[PDB]
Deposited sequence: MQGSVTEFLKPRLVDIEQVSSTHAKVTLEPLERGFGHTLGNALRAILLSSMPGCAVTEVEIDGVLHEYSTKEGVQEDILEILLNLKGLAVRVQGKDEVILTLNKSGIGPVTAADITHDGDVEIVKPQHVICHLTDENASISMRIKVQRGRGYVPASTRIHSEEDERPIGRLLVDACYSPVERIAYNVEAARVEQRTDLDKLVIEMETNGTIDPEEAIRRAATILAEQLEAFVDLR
């Protein structure tokens, strides 16, 4: 090449290792010394708190008046059910609120697969157990409210009829970790590669989780443009 004063060498998503359906290892590579931790800490903060996502916020179970109520033909208590509903990982098309209906009579587990198939709704882990009906004459009929939000708004902060409130885990990102490691490139010798380890709820893809973290970051800096 030809120049006089170098000041670039930007990283790019170079590899994706899906350890599982909800755990991956993304690696941004050309990283000038010190930039591993700079982007690593910036992103880890965005991923761990500013990611969008859908989450169950309310549930209306038939016969259940309040949380400390009773469901004779159900193994776990209503509280345990709301705790089960919190882990309902759902990916919805574009709406910011969708009502899910769950009708189930029988002996055995009432899983997320028993939820009424809505075309515009995606159930990440259908094998996710929400209930366990004990007797063969037992049944549950509930309307699970799923909303689009950010972060973690628990039941407390509110201003509210069997409307059962459930702690909202809106964030598609469950656990972020990063390592800087020497990306021993043939060319130079001082370059690193940032390895971002993700543990999502499935509702978000690793690469899109990164491209949204970067977008939140870059947009915060919009008022400090200065080209070059």
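Sequence range 161-167 alone has no coordinates in this entry (deposited sequence, numbered from 1, C-alpha basis).
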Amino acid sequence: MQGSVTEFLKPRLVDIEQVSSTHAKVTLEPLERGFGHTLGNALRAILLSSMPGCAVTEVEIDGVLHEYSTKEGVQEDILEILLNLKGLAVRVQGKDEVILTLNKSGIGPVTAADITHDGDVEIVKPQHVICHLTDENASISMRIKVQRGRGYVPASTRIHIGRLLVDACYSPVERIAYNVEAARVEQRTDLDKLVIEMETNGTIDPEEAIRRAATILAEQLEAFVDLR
From here on, numbers count along this sequence of modelled residues.
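Judged by mean Cα B factor in the deposited record, 57-65 ranks above the other of 57-65 and 187-195. Per the PDB record, of the two stretches 202-210 and 17-25, 17-25 carries the greater mean B-factor over its C-alpha atoms. Within the listed group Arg44, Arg33, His37, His160, the record reports its top CA B-factor for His160.
Going by the entry's values, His117 shows the largest Cα B-factor out of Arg143, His117, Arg148, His128. When the modelled residues of the chain are ordered by C-alpha B-factor, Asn179 sits in the middle third. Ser50: CA B factor lies in the middle third for its chain, per the PDB record. Annotation for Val153: C-alpha temperature factor in the highest third relative to the rest of the modelled chain, per the entry.
In this PDB entry, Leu9 carries a Cα temperature factor that places it within the highest third of its chain's modelled residues.
When the CA B factors of the chain's modelled residues are split into thirds, the value for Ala138 lands in the highest one.
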